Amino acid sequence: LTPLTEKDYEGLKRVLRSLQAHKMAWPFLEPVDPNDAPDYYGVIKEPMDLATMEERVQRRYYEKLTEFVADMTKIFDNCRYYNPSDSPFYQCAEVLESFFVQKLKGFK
């Protein structure tokens, strides 16, 4: 979709910080440590996390909003694939994705 402006990027920074501050974002703040998730990097071919997204935002990696949404969705999709639906980690993805949607709709 449409090219991101500098003003758009300030809004993306705001959304990212909101996610990083959320009480249920802690499993997603940094790349998964293999010691905390057996076989994680054998299961998940395209890992993603909020620190990697922050680095990409600061580097102006994103050209369009779809690319930012895609990386954010990877975080949630990876979590729900790796973990069972009754896992607390799965629930964190449920809560934080709903929050992301609220914030993304606000973003314009």
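C-alpha atoms forming the largest set that superposes within 1.5 Å between two forms make up the rigid core. So that there is no doubt, residue numbering starts at 1 and follows the sequence shown.
Chemist: So which moves more in 5 other deposited structures of this protein by CA, 63-71 or 33-41, given a superposition on the core?
Modeler: Comparing 63-71 with 33-41, the larger C-alpha deviation in 5 other deposited structures of this protein belongs to 33-41.
Chemist: Which has the higher mean CA temperature factor in the PDB entry, 72-80 or 42-50?
Modeler: That would be 42-50.
Chemist: Give the stretch, out of 93-101 and 7-15, with the larger mean C-alpha temperature factor in the deposited entry.
Modeler: Mean B over CA atoms: larger for 7-15.
Chemist: Within this chain, which third does the Cα B-factor at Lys64 fall in: lowest, middle or highest?
Modeler: Its C-alpha B-factor, which the entry lists for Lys64, ranks in the highest third among residues of this chain.
Chemist: Based on the entry's values, in what third of the chain does the Cα temperature factor of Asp33 lie: lowest, middle or highest?
Modeler: For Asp33, the deposited C-alpha B-factor lands in the highest third.
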